[PDB]
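Shown next: input16.pdb, given as PDB, C-alpha atoms.
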```
ATOM      1  CA  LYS O  28     -20.231  19.303   5.897
ATOM      2  CA  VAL O  29     -17.867  16.338   5.534
ATOM      3  CA  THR O  30     -14.106  16.934   5.408
ATOM      4  CA  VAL O  31     -11.917  14.477   3.472
ATOM      5  CA  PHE O  32      -8.109  14.264   3.474
ATOM      6  CA  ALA O  33      -7.248  12.565   0.168
ATOM      7  CA  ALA O  34      -4.013  11.703  -1.626
ATOM      8  CA  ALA O  35      -3.490  14.299  -4.352
ATOM      9  CA  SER O  36      -3.740  11.768  -7.188
ATOM     10  CA  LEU O  37      -7.448  11.600  -6.275
ATOM     11  CA  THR O  38      -8.050  15.336  -6.821
ATOM     12  CA  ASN O  39     -10.170  15.168  -9.985
ATOM     13  CA  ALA O  40     -12.116  12.043  -9.036
ATOM     14  CA  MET O  41     -12.942  13.422  -5.568
ATOM     15  CA  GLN O  42     -13.896  16.816  -7.000
ATOM     16  CA  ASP O  43     -16.371  15.085  -9.326
ATOM     17  CA  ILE O  44     -17.631  12.900  -6.454
ATOM     18  CA  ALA O  45     -18.160  16.004  -4.300
ATOM     19  CA  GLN O  46     -20.221  17.554  -7.112
ATOM     20  CA  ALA O  47     -22.388  14.461  -7.477
ATOM     21  CA  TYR O  48     -22.878  14.175  -3.703
ATOM     22  CA  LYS O  49     -23.819  17.835  -3.158
ATOM     23  CA  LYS O  50     -26.392  17.703  -5.943
ATOM     24  CA  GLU O  51     -27.975  14.461  -4.758
ATOM     25  CA  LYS O  52     -27.800  14.848  -0.980
ATOM     26  CA  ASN O  53     -27.118  18.545  -0.301
ATOM     27  CA  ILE O  54     -23.998  18.000   1.821
ATOM     28  CA  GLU O  55     -20.781  19.890   1.167
ATOM     29  CA  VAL O  56     -17.754  17.619   0.808
ATOM     30  CA  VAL O  57     -14.668  19.724   1.520
ATOM     31  CA  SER O  58     -11.475  18.022   0.423
ATOM     32  CA  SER O  59      -7.834  18.701   1.253
ATOM     33  CA  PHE O  60      -5.294  17.184  -1.133
ATOM     34  CA  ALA O  61      -1.611  16.505  -0.469
ATOM     35  CA  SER O  62       0.786  13.591  -0.343
ATOM     36  CA  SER O  63      -0.247  10.664   1.842
ATOM     37  CA  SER O  64       2.779  11.480   4.026
ATOM     38  CA  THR O  65       1.639  15.093   4.567
ATOM     39  CA  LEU O  66      -1.982  14.142   5.314
ATOM     40  CA  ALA O  67      -1.142  11.338   7.760
ATOM     41  CA  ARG O  68       1.131  13.642   9.743
ATOM     42  CA  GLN O  69      -1.547  16.318   9.945
ATOM     43  CA  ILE O  70      -4.134  13.773  11.123
ATOM     44  CA  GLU O  71      -1.738  12.248  13.681
ATOM     45  CA  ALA O  72      -1.224  15.776  15.027
ATOM     46  CA  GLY O  73      -4.989  16.169  15.470
ATOM     47  CA  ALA O  74      -6.248  17.757  12.237
ATOM     48  CA  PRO O  75     -10.069  17.920  12.000
ATOM     49  CA  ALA O  76     -10.435  15.573   9.038
ATOM     50  CA  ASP O  77     -13.450  13.269   9.055
ATOM     51  CA  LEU O  78     -12.178  10.789   6.444
ATOM     52  CA  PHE O  79      -8.714   9.804   5.223
ATOM     53  CA  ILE O  80      -7.954   8.179   1.859
ATOM     54  CA  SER O  81      -4.305   7.206   1.562
ATOM     55  CA  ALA O  82      -2.486   6.275  -1.634
ATOM     56  CA  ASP O  83      -0.867   3.333   0.178
ATOM     57  CA  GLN O  84      -1.412   1.106   3.199
ATOM     58  CA  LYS O  85       1.844   2.310   4.798
ATOM     59  CA  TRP O  86       0.573   5.758   5.705
ATOM     60  CA  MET O  87      -2.778   4.378   6.850
ATOM     61  CA  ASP O  88      -0.822   1.951   9.072
ATOM     62  CA  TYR O  89       1.028   5.004  10.441
ATOM     63  CA  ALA O  90      -2.206   6.805  11.294
ATOM     64  CA  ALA O  91      -3.607   3.641  12.916
ATOM     65  CA  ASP O  92      -0.423   3.101  14.949
ATOM     66  CA  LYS O  93      -0.867   6.621  16.331
ATOM     67  CA  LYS O  94      -4.553   5.853  17.129
ATOM     68  CA  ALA O  95      -5.702   8.647  14.764
ATOM     69  CA  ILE O  96      -8.174   6.584  12.689
ATOM     70  CA  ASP O  97     -10.938   4.239  13.756
ATOM     71  CA  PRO O  98      -9.550   0.841  12.651
ATOM     72  CA  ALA O  99     -13.018  -0.713  12.527
ATOM     73  CA  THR O 100     -13.719   1.561   9.537
ATOM     74  CA  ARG O 101     -10.474   0.909   7.640
ATOM     75  CA  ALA O 102     -10.914  -0.758   4.260
ATOM     76  CA  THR O 103      -9.246  -0.759   0.871
ATOM     77  CA  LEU O 104     -11.345   1.573  -1.280
ATOM     78  CA  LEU O 105      -9.465   1.543  -4.609
ATOM     79  CA  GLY O 106      -6.751  -0.256  -6.512
ATOM     80  CA  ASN O 107      -4.527   0.709  -9.420
ATOM     81  CA  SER O 108      -3.276  -1.682 -12.078
ATOM     82  CA  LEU O 109       0.384  -1.598 -13.103
ATOM     83  CA  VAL O 110       0.373  -0.980 -16.863
ATOM     84  CA  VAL O 111       2.793  -0.865 -19.759
ATOM     85  CA  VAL O 112       2.260   2.201 -21.954
ATOM     86  CA  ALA O 113       3.492   3.109 -25.448
ATOM     87  CA  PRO O 114       3.565   6.351 -27.453
ATOM     88  CA  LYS O 115       0.248   7.011 -29.142
ATOM     89  CA  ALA O 116       1.932   6.980 -32.578
ATOM     90  CA  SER O 117       3.754   3.669 -32.018
ATOM     91  CA  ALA O 118       3.137   0.607 -34.171
ATOM     92  CA  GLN O 119       2.877  -1.325 -30.873
ATOM     93  CA  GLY O 120      -0.473  -2.971 -30.250
ATOM     94  CA  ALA O 121      -1.640  -4.408 -26.960
ATOM     95  CA  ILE O 122       0.098  -7.621 -25.849
ATOM     96  CA  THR O 123      -0.006 -10.279 -23.141
ATOM     97  CA  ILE O 124       2.271  -9.551 -20.183
ATOM     98  CA  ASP O 125       3.681 -12.662 -18.492
ATOM     99  CA  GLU O 126       6.875 -14.718 -18.045
ATOM    100  CA  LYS O 127       7.105 -15.321 -21.809
ATOM    101  CA  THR O 128       6.973 -11.650 -22.855
ATOM    102  CA  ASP O 129       9.812 -10.801 -25.270
ATOM    103  CA  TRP O 130      10.781  -7.479 -23.727
ATOM    104  CA  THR O 131      13.855  -7.072 -25.936
ATOM    105  CA  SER O 132      11.827  -7.233 -29.143
ATOM    106  CA  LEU O 133       9.236  -4.859 -27.690
ATOM    107  CA  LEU O 134      11.943  -2.298 -26.827
ATOM    108  CA  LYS O 135      12.974  -1.958 -30.516
ATOM    109  CA  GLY O 136      16.499  -1.024 -29.466
ATOM    110  CA  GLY O 137      15.481   1.628 -26.919
ATOM    111  CA  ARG O 138      15.011   1.830 -23.164
ATOM    112  CA  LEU O 139      12.115   1.208 -20.770
ATOM    113  CA  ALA O 140      10.834   4.366 -19.068
ATOM    114  CA  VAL O 141      10.264   3.933 -15.319
ATOM    115  CA  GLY O 142      10.172   5.948 -12.164
ATOM    116  CA  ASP O 143      13.530   5.574 -10.435
ATOM    117  CA  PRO O 144      12.986   2.280  -8.555
ATOM    118  CA  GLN O 145      15.132   3.583  -5.698
ATOM    119  CA  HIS O 146      12.395   6.006  -4.624
ATOM    120  CA  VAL O 147       9.497   6.377  -7.122
ATOM    121  CA  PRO O 148       6.528   4.181  -6.099
ATOM    122  CA  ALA O 149       5.674   3.246  -9.694
ATOM    123  CA  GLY O 150       9.321   2.345 -10.224
ATOM    124  CA  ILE O 151       9.398   0.269  -7.043
ATOM    125  CA  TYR O 152       6.331  -1.685  -8.196
ATOM    126  CA  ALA O 153       7.651  -1.959 -11.776
ATOM    127  CA  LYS O 154      10.916  -3.462 -10.528
ATOM    128  CA  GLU O 155       9.047  -5.900  -8.291
ATOM    129  CA  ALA O 156       6.939  -7.157 -11.206
ATOM    130  CA  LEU O 157       9.887  -7.472 -13.582
ATOM    131  CA  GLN O 158      11.938  -9.329 -10.954
ATOM    132  CA  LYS O 159       9.104 -11.705 -10.110
ATOM    133  CA  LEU O 160       8.467 -12.336 -13.827
ATOM    134  CA  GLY O 161      12.156 -13.105 -14.447
ATOM    135  CA  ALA O 162      12.653 -10.187 -16.847
ATOM    136  CA  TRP O 163      14.724  -7.917 -14.585
ATOM    137  CA  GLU O 164      18.043  -9.460 -15.632
ATOM    138  CA  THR O 165      17.201  -8.389 -19.208
ATOM    139  CA  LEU O 166      15.706  -4.965 -18.463
ATOM    140  CA  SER O 167      17.991  -3.662 -15.693
ATOM    141  CA  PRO O 168      20.693  -2.329 -18.100
ATOM    142  CA  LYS O 169      17.986  -0.973 -20.472
ATOM    143  CA  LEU O 170      16.112   1.379 -18.125
ATOM    144  CA  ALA O 171      15.377   5.076 -18.582
ATOM    145  CA  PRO O 172      14.678   6.086 -14.952
ATOM    146  CA  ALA O 173      12.941   9.364 -14.128
ATOM    147  CA  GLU O 174      12.606  11.376 -10.918
ATOM    148  CA  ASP O 175       8.854  10.780 -10.901
ATOM    149  CA  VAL O 176       6.014   9.219 -12.863
ATOM    150  CA  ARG O 177       5.410  12.480 -14.727
ATOM    151  CA  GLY O 178       8.952  12.443 -16.103
ATOM    152  CA  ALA O 179       8.544   8.809 -17.123
ATOM    153  CA  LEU O 180       5.309   9.583 -18.972
ATOM    154  CA  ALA O 181       7.026  12.504 -20.705
ATOM    155  CA  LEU O 182       9.567  10.180 -22.311
ATOM    156  CA  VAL O 183       6.776   8.009 -23.751
ATOM    157  CA  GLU O 184       4.500  10.964 -24.605
ATOM    158  CA  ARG O 185       7.322  12.512 -26.641
ATOM    159  CA  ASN O 186       8.011   9.181 -28.391
ATOM    160  CA  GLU O 187      11.528   9.269 -26.805
ATOM    161  CA  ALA O 188      11.170   5.834 -25.134
ATOM    162  CA  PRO O 189       9.157   3.036 -26.785
ATOM    163  CA  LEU O 190       7.656   1.730 -23.520
ATOM    164  CA  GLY O 191       6.969   2.873 -19.974
ATOM    165  CA  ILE O 192       5.498   1.459 -16.768
ATOM    166  CA  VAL O 193       2.927   3.569 -14.874
ATOM    167  CA  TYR O 194      -0.353   3.179 -12.958
ATOM    168  CA  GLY O 195      -3.658   2.748 -14.768
ATOM    169  CA  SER O 196      -4.836   6.165 -13.594
ATOM    170  CA  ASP O 197      -1.584   7.686 -14.874
ATOM    171  CA  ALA O 198      -2.190   6.139 -18.291
ATOM    172  CA  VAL O 199      -5.778   7.436 -18.382
ATOM    173  CA  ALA O 200      -4.730  10.987 -17.537
ATOM    174  CA  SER O 201      -2.050  11.048 -20.263
ATOM    175  CA  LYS O 202      -3.579  11.661 -23.693
ATOM    176  CA  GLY O 203      -0.293  10.966 -25.471
ATOM    177  CA  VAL O 204       0.277   7.367 -24.317
ATOM    178  CA  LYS O 205      -1.723   4.171 -24.776
ATOM    179  CA  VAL O 206      -1.977   1.018 -22.653
ATOM    180  CA  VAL O 207      -0.377  -1.995 -24.341
ATOM    181  CA  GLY O 208      -0.299  -4.324 -21.336
ATOM    182  CA  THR O 209      -1.316  -4.922 -17.743
ATOM    183  CA  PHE O 210       0.845  -6.651 -15.162
ATOM    184  CA  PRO O 211      -0.587  -9.652 -13.309
ATOM    185  CA  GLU O 212      -1.573  -8.593  -9.805
ATOM    186  CA  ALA O 213       0.382 -11.571  -8.452
ATOM    187  CA  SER O 214       3.578 -10.103  -9.920
ATOM    188  CA  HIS O 215       3.899  -7.263  -7.372
ATOM    189  CA  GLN O 216       2.528  -5.760  -4.185
ATOM    190  CA  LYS O 217      -0.990  -4.497  -4.779
ATOM    191  CA  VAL O 218      -1.339  -0.747  -5.347
ATOM    192  CA  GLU O 219      -4.088   0.106  -2.853
ATOM    193  CA  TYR O 220      -5.927   3.182  -1.546
ATOM    194  CA  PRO O 221      -7.399   2.523   1.915
ATOM    195  CA  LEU O 222     -10.233   4.618   3.307
ATOM    196  CA  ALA O 223     -10.958   5.080   7.009
ATOM    197  CA  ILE O 224     -12.937   7.335   9.319
ATOM    198  CA  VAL O 225     -10.794   9.558  11.532
ATOM    199  CA  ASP O 226     -10.893   8.868  15.287
ATOM    200  CA  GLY O 227     -13.731  10.888  16.820
ATOM    201  CA  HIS O 228     -15.528  11.603  13.523
ATOM    202  CA  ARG O 229     -17.885   8.609  13.103
ATOM    203  CA  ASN O 230     -21.231  10.410  12.983
ATOM    204  CA  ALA O 231     -24.239  10.107  10.666
ATOM    205  CA  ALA O 232     -23.233  12.556   7.925
ATOM    206  CA  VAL O 233     -19.644  11.272   7.841
ATOM    207  CA  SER O 234     -20.772   7.631   7.773
ATOM    208  CA  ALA O 235     -23.235   8.462   4.983
ATOM    209  CA  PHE O 236     -20.547   9.840   2.660
ATOM    210  CA  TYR O 237     -18.191   7.081   3.793
ATOM    211  CA  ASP O 238     -20.783   4.612   2.457
ATOM    212  CA  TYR O 239     -21.414   6.649  -0.709
ATOM    213  CA  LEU O 240     -17.724   6.383  -1.651
ATOM    214  CA  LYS O 241     -18.310   2.635  -2.102
ATOM    215  CA  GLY O 242     -21.615   2.927  -4.010
ATOM    216  CA  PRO O 243     -22.323   2.859  -7.759
ATOM    217  CA  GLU O 244     -22.116   6.575  -8.630
ATOM    218  CA  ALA O 245     -18.730   7.016  -6.945
ATOM    219  CA  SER O 246     -17.412   3.720  -8.324
ATOM    220  CA  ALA O 247     -18.312   4.903 -11.839
ATOM    221  CA  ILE O 248     -16.352   8.138 -11.365
ATOM    222  CA  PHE O 249     -13.330   6.286  -9.938
ATOM    223  CA  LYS O 250     -13.475   3.797 -12.834
ATOM    224  CA  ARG O 251     -13.449   6.449 -15.525
ATOM    225  CA  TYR O 252     -10.386   8.039 -13.923
ATOM    226  CA  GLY O 253      -8.695   4.641 -14.330
ATOM    227  CA  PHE O 254      -8.841   3.298 -10.763
ATOM    228  CA  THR O 255     -10.161  -0.133  -9.872
ATOM    229  CA  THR O 256     -12.905  -0.362  -7.268
ATOM    230  CA  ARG O 257     -13.865  -2.847  -4.526
TER     231      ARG O 257
END
```
Representation of the structure as structure tokens:
Amino acid sequence: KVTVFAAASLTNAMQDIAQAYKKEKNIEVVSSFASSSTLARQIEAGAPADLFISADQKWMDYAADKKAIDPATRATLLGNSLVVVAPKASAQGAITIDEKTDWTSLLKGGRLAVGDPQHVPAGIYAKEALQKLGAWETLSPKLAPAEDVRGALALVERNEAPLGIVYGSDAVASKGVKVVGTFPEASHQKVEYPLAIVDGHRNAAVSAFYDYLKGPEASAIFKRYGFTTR
């Protein structure tokens, strides 16, 4: 038995990974899914997780500061691209995203759907990219902010906003939107999922699955759910 605390966005990928691992090695991978905030606080308080996958470096930093992970095992496991999506029925085809992108033409008179950049992580990263590309002056008054990424997708899914900014895994999970662009990684803080072994849990079975998470079979599952691997 190996116990993994994983950010909830990883639920389906980790469930598939657990299936592959149990069939090939005959070890049960038991996962607990919640927000990175919830999981880090449980681990800090002494929860018996073996592995922790956070959806950001901030909550892994937290766990490390409290001496709850083994820092020698900490490593970025996954990334997520920042993508521009369009309604499936839109005339919009894929385009090149850079400093020259004519956002006003692409908006066709409407608004850009984003997570509220005051608190939604995808909206924070969207605003960073647009500001660094020099497009924020244009797009700031033309936003359609939502309370979360789901609400931002819903605008684009329902063809109610012509464009939206989400993560690559968000785009893959949403059948009703299509990717029309990818932000340069240099344009914003990298979206990263670090993996680490929990303090006191670095044994053979835990290390074995720890290593498997970086191997080909797991990388293929992560890739098809829209994450980037390392």
Taking the file as I've supplied it (selection: the PyMOL selection byres ((chain O and resi 214-222) around 6)), which residues are included? Please answer as a list in words.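 Listing what the PyMOL selection byres ((chain O and resi 214-222) around 6) selects in the shown file: residues 79, 80, 81, 82, 83, 101, 102, 103, 104, 105, 106, 107, 155, 156, 159, 211, 212, 213 and 223 of chain O.
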Writing out the chosen residues with C-alpha atoms as a short mmCIF file (atom, residue, chain, number, x, y, z; two decimals), in the coordinates of the input:
```
data_model
loop_
_atom_site.label_atom_id
_atom_site.label_comp_id
_atom_site.auth_asym_id
_atom_site.auth_seq_id
_atom_site.Cartn_x
_atom_site.Cartn_y
_atom_site.Cartn_z
CA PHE O 79 -8.71 9.80 5.22
CA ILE O 80 -7.95 8.18 1.86
CA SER O 81 -4.30 7.21 1.56
CA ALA O 82 -2.49 6.28 -1.63
CA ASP O 83 -0.87 3.33 0.18
CA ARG O 101 -10.47 0.91 7.64
CA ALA O 102 -10.91 -0.76 4.26
CA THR O 103 -9.25 -0.76 0.87
CA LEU O 104 -11.34 1.57 -1.28
CA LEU O 105 -9.46 1.54 -4.61
CA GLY O 106 -6.75 -0.26 -6.51
CA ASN O 107 -4.53 0.71 -9.42
CA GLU O 155 9.05 -5.90 -8.29
CA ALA O 156 6.94 -7.16 -11.21
CA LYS O 159 9.10 -11.70 -10.11
CA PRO O 211 -0.59 -9.65 -13.31
CA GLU O 212 -1.57 -8.59 -9.80
CA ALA O 213 0.38 -11.57 -8.45
CA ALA O 223 -10.96 5.08 7.01
#
```
d(atom CA of residue O:251, atom CA of residue O:188) in Å: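 One can read the atom CA of residue O:251 to atom CA of residue O:188 distance as 26.4 Å.
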Is it possible to get the residues within 12 Å of (-8.1, 4.5, 13.7) (coordinates as in the file, counting only C-alpha atoms) written as an MDAnalysis selection string? chainID O and resid 67 70:71 77:79 86:102 221:229
Produce a file of the selected residues containing C-alpha atoms, as a PDB file, in the frame of the given file.
```pdb
ATOM      1  CA  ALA O  67      -1.142  11.338   7.760  1.00  0.00           C
ATOM      2  CA  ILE O  70      -4.134  13.773  11.123  1.00  0.00           C
ATOM      3  CA  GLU O  71      -1.738  12.248  13.681  1.00  0.00           C
ATOM      4  CA  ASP O  77     -13.450  13.269   9.055  1.00  0.00           C
ATOM      5  CA  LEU O  78     -12.178  10.789   6.444  1.00  0.00           C
ATOM      6  CA  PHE O  79      -8.714   9.804   5.223  1.00  0.00           C
ATOM      7  CA  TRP O  86       0.573   5.758   5.705  1.00  0.00           C
ATOM      8  CA  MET O  87      -2.778   4.378   6.850  1.00  0.00           C
ATOM      9  CA  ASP O  88      -0.822   1.951   9.072  1.00  0.00           C
ATOM     10  CA  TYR O  89       1.028   5.004  10.441  1.00  0.00           C
ATOM     11  CA  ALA O  90      -2.206   6.805  11.294  1.00  0.00           C
ATOM     12  CA  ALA O  91      -3.607   3.641  12.916  1.00  0.00           C
ATOM     13  CA  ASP O  92      -0.423   3.101  14.949  1.00  0.00           C
ATOM     14  CA  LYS O  93      -0.867   6.621  16.331  1.00  0.00           C
ATOM     15  CA  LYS O  94      -4.553   5.853  17.129  1.00  0.00           C
ATOM     16  CA  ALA O  95      -5.702   8.647  14.764  1.00  0.00           C
ATOM     17  CA  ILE O  96      -8.174   6.584  12.689  1.00  0.00           C
ATOM     18  CA  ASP O  97     -10.938   4.239  13.756  1.00  0.00           C
ATOM     19  CA  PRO O  98      -9.550   0.841  12.651  1.00  0.00           C
ATOM     20  CA  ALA O  99     -13.018  -0.713  12.527  1.00  0.00           C
ATOM     21  CA  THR O 100     -13.719   1.561   9.537  1.00  0.00           C
ATOM     22  CA  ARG O 101     -10.474   0.909   7.640  1.00  0.00           C
ATOM     23  CA  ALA O 102     -10.914  -0.758   4.260  1.00  0.00           C
ATOM     24  CA  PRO O 221      -7.399   2.523   1.915  1.00  0.00           C
ATOM     25  CA  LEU O 222     -10.233   4.618   3.307  1.00  0.00           C
ATOM     26  CA  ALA O 223     -10.958   5.080   7.009  1.00  0.00           C
ATOM     27  CA  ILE O 224     -12.937   7.335   9.319  1.00  0.00           C
ATOM     28  CA  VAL O 225     -10.794   9.558  11.532  1.00  0.00           C
ATOM     29  CA  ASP O 226     -10.893   8.868  15.287  1.00  0.00           C
ATOM     30  CA  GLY O 227     -13.731  10.888  16.820  1.00  0.00           C
ATOM     31  CA  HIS O 228     -15.528  11.603  13.523  1.00  0.00           C
ATOM     32  CA  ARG O 229     -17.885   8.609  13.103  1.00  0.00           C
TER      33      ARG O 229
END
```
Could you spell out the hits of the PyMOL selection byres ((chain O and resi 149) around 8) on the shown file, as a PyMOL selection string? chain O and resi 109+141-142+144+147-148+150-153+176+192-194
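Residue nearest residue O:206, chosen from O:138, O:115, O:49, O:146 and counting all atoms listed in the file: O:115.
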What does the distance from atom CA of residue O:157 to atom CA of residue O:201 come to in Å, to one decimal? 23.0 Å
Can you list, as a PyMOL selection string, every protein, DNA or RNA residue that comes within 12 Å of residue O:163 when you count only C-alpha atoms, leaving out same-chain residues fewer than 2 positions away? chain O and resi 126+128+130-131+139+144+153-161+165-170
Atomic separation - atom CA of residue O:180 relative to atom CA of residue O:60, Å: 22.1 Å
List the residues selected by the PyMOL selection byres ((chain O and resi 58) around 8) in the file shown, writing them as a list in words.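 Listing what the PyMOL selection byres ((chain O and resi 58) around 8) selects in the shown file: residues 30, 31, 32, 33, 41, 42, 56, 57, 59 and 60 of chain O.
Near residue O:195, within 8 Å and counting only C-alpha atoms, sit residues 107, 108, 109, 110, 193, 197, 198, 199, 253 and 254 of chain O, not including residues fewer than 2 positions from it in the same chain.
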Within 10 Å of residue O:39 using all atoms listed in the file, minus same-chain residues under 4 positions, as a PDB file with C-alpha atoms, in the frame of the given file:
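Dumped to around.pdb:
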```pdb
ATOM      1  CA  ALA O  35      -3.490  14.299  -4.352  1.00  0.00           C
ATOM      2  CA  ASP O  43     -16.371  15.085  -9.326  1.00  0.00           C
ATOM      3  CA  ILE O  44     -17.631  12.900  -6.454  1.00  0.00           C
ATOM      4  CA  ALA O  45     -18.160  16.004  -4.300  1.00  0.00           C
ATOM      5  CA  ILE O 248     -16.352   8.138 -11.365  1.00  0.00           C
ATOM      6  CA  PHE O 249     -13.330   6.286  -9.938  1.00  0.00           C
ATOM      7  CA  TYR O 252     -10.386   8.039 -13.923  1.00  0.00           C
TER       8      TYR O 252
END
```
If we draw a sphere of 12 Å around (6.9, 3.5, -27.8), which residues have at least one atom in it when counting all atoms listed in the file? Please report them as a short mmCIF file (atom, residue, chain, number, x, y, z; two decimals) with C-alpha atoms, in the coordinates of the input.
```
data_model
loop_
_atom_site.label_atom_id
_atom_site.label_comp_id
_atom_site.auth_asym_id
_atom_site.auth_seq_id
_atom_site.Cartn_x
_atom_site.Cartn_y
_atom_site.Cartn_z
CA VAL O 111 2.79 -0.86 -19.76
CA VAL O 112 2.26 2.20 -21.95
CA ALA O 113 3.49 3.11 -25.45
CA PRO O 114 3.56 6.35 -27.45
CA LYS O 115 0.25 7.01 -29.14
CA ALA O 116 1.93 6.98 -32.58
CA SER O 117 3.75 3.67 -32.02
CA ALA O 118 3.14 0.61 -34.17
CA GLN O 119 2.88 -1.32 -30.87
CA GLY O 120 -0.47 -2.97 -30.25
CA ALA O 121 -1.64 -4.41 -26.96
CA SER O 132 11.83 -7.23 -29.14
CA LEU O 133 9.24 -4.86 -27.69
CA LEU O 134 11.94 -2.30 -26.83
CA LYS O 135 12.97 -1.96 -30.52
CA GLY O 136 16.50 -1.02 -29.47
CA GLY O 137 15.48 1.63 -26.92
CA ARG O 138 15.01 1.83 -23.16
CA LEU O 139 12.12 1.21 -20.77
CA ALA O 140 10.83 4.37 -19.07
CA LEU O 180 5.31 9.58 -18.97
CA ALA O 181 7.03 12.50 -20.70
CA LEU O 182 9.57 10.18 -22.31
CA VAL O 183 6.78 8.01 -23.75
CA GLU O 184 4.50 10.96 -24.60
CA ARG O 185 7.32 12.51 -26.64
CA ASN O 186 8.01 9.18 -28.39
CA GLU O 187 11.53 9.27 -26.80
CA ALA O 188 11.17 5.83 -25.13
CA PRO O 189 9.16 3.04 -26.78
CA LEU O 190 7.66 1.73 -23.52
CA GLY O 191 6.97 2.87 -19.97
CA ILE O 192 5.50 1.46 -16.77
CA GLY O 203 -0.29 10.97 -25.47
CA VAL O 204 0.28 7.37 -24.32
CA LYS O 205 -1.72 4.17 -24.78
CA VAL O 206 -1.98 1.02 -22.65
CA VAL O 207 -0.38 -2.00 -24.34
#
```
Please determine, counting only C-alpha atoms, which residue among O:74, O:29, O:240, O:37 has the shortest atom-to-atom distance to residue O:61. O:37
Coordinate excerpt as a short mmCIF file (atom, residue, chain, number, x, y, z; two decimals), in the first residue's frame: stretch 144-160 of chain O, N, CA and C atoms:
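What landed in selection19.cif:
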```cif
data_model
loop_
_atom_site.label_atom_id
_atom_site.label_comp_id
_atom_site.auth_asym_id
_atom_site.auth_seq_id
_atom_site.Cartn_x
_atom_site.Cartn_y
_atom_site.Cartn_z
N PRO O 144 -9.07 37.54 -11.71
CA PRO O 144 -7.63 37.60 -11.42
C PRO O 144 -7.31 38.02 -10.00
N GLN O 145 -8.31 38.46 -9.23
CA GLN O 145 -8.07 38.80 -7.84
C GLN O 145 -7.92 37.56 -6.97
N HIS O 146 -8.38 36.39 -7.43
CA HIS O 146 -8.29 35.22 -6.56
C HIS O 146 -8.26 33.87 -7.29
N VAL O 147 -8.61 33.81 -8.57
CA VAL O 147 -8.64 32.55 -9.30
C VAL O 147 -7.26 32.30 -9.91
N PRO O 148 -6.60 31.19 -9.60
CA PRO O 148 -5.24 30.97 -10.11
C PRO O 148 -5.12 31.11 -11.62
N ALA O 149 -6.06 30.56 -12.40
CA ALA O 149 -5.96 30.74 -13.85
C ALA O 149 -6.11 32.19 -14.24
N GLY O 150 -6.90 32.96 -13.48
CA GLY O 150 -7.02 34.38 -13.77
C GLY O 150 -5.79 35.16 -13.36
N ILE O 151 -5.14 34.76 -12.26
CA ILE O 151 -3.87 35.38 -11.88
C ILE O 151 -2.83 35.16 -12.97
N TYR O 152 -2.70 33.92 -13.46
CA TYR O 152 -1.71 33.64 -14.49
C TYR O 152 -2.09 34.27 -15.84
N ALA O 153 -3.39 34.33 -16.16
CA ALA O 153 -3.81 35.00 -17.38
C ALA O 153 -3.43 36.48 -17.36
N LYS O 154 -3.69 37.15 -16.24
CA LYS O 154 -3.37 38.56 -16.12
C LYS O 154 -1.87 38.79 -16.20
N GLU O 155 -1.07 37.89 -15.61
CA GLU O 155 0.38 38.04 -15.70
C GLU O 155 0.84 38.00 -17.14
N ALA O 156 0.34 37.01 -17.90
CA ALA O 156 0.74 36.85 -19.30
C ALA O 156 0.33 38.06 -20.12
N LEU O 157 -0.92 38.49 -19.97
CA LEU O 157 -1.39 39.64 -20.75
C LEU O 157 -0.62 40.90 -20.40
N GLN O 158 -0.26 41.09 -19.13
CA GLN O 158 0.51 42.27 -18.74
C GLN O 158 1.91 42.20 -19.31
N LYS O 159 2.55 41.04 -19.22
CA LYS O 159 3.90 40.90 -19.75
C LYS O 159 3.91 40.99 -21.28
N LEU O 160 2.84 40.56 -21.95
CA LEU O 160 2.79 40.72 -23.40
C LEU O 160 2.41 42.12 -23.85
#
```
